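One structure is given below, encoded as structure tokens.
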Amino acid sequence: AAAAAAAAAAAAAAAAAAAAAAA
Amino acid sequence: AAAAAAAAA
Amino acid sequence: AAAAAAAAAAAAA
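Chains as they are written, first to last, in the entry's author numbering: chain 4, 2 to 24; chain 3, 15 to 23; chain 1, 9 to 21.
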């Protein structure tokens with residue numbers, strides 16, 4: 002469960018980085 | 015990635 | 009699954 006959560010967190014971070022690049 | 019976001023804020 | 013979740017989140021936003 003913890004691992005899954007971590008993965009999710011990682012995924013969210015990647016999405017944020019992509020948004021910044023677009024701006 | 016998370017660290018970079020914090021710096022921007 | 010993770011990808012799906014992400015997509016869902018995006019949709020929600």
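Note that the Cβ used here is the ideal one computed from N, Cα and C, for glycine as well.
Proximity of residue i and residue j at Cβ, strictly below 8 angstroms
{"i": "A12 (chain 4)", "j": "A10 (chain 1)", "result": "yes"}
{"i": "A10 (chain 4)", "j": "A19 (chain 3)", "result": "no"}
DSSP three-state assignment for residue i, whether helix, strand or coil
{"i": "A13 (chain 1)", "result": "helix"}
{"i": "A15 (chain 3)", "result": "coil"}
{"i": "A18 (chain 1)", "result": "helix"}
Range covered by the alpha helix (DSSP H) that runs through residue i
{"i": "residue 41 (chain 3)", "result": "Any property of residue 41 (chain 3) remains undetermined from this structure, which presents chain 3 solely from 15 to 23."}
{"i": "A5 (chain 4)", "result": "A3 to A23"}
Reference residue i; option with closest CA among the options
{"i": "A16 (chain 3)", "options": "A8 (chain 4), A24 (chain 4) and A23 (chain 4)", "result": "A8 (chain 4)"}
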